[PDB]
């Protein structure tokens, strides 16, 4: 997901013929050896390998252990120095691209508001705020897109949009 991305690392320069399980054993052993684990057990949950382009992704059980594992940049595996980096979609400041959407007609339900939003791309997060007593919409929502690069286009397309007798406010929620 979004913080699915905070638990992954890119690994380059992987040795020829390596298997996903072997990679897993190596990094779990390294984490334990260096005492970088925050709990008993294995920090690396899974590995996906692209053999043709000589890279892999590691998926970790926690955000902090992932960060610790950046320390392994340049580590030797079967005689080769691994390249360790963040995923390109990694967010150093999480929630930075969460949007606030105000000025919604208060009769719109979840599905209807998302339909307005998903015209720019899929969402990973959404919620329409309602009065708990009555279940009536308070007229504002929050969301976050799968691809954070569409955030600013969504704002450009939707902020100020006349919606019935209402005028949308779309901005980063901060």
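Positions refer to the first chain, counted from 1.
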- Comparing 33-41 with 138-146, which stretch shows the greater average C-alpha B-factor in the deposited entry? 33-41
- Given the B-factors recorded for C-alpha atoms, which segment has the greater mean, 113-121 or 54-62? 113-121
- Note on the structure: Among 155, 11, 23, 161, the highest C-alpha B-factor in the PDB entry belongs to 161
- Per the deposited B-factor column, the C-alpha that peaks among 87, 102, 94, 79 belongs to 94
- Query: Going by the entry, which third of its chain does the Cα temperature factor of residue 69 land in?
  - Reply: lowest
- Lowest, middle or highest third of the chain for the C-alpha temperature factor of residue 28? lowest
- Item | Ranked against its chain, the third holding the CA B-factor of residue 133 | highest
- Would you check the entry's CA temperature factor for residue 48 and let me know if it's in the chain's lowest, middle or highest third? middle
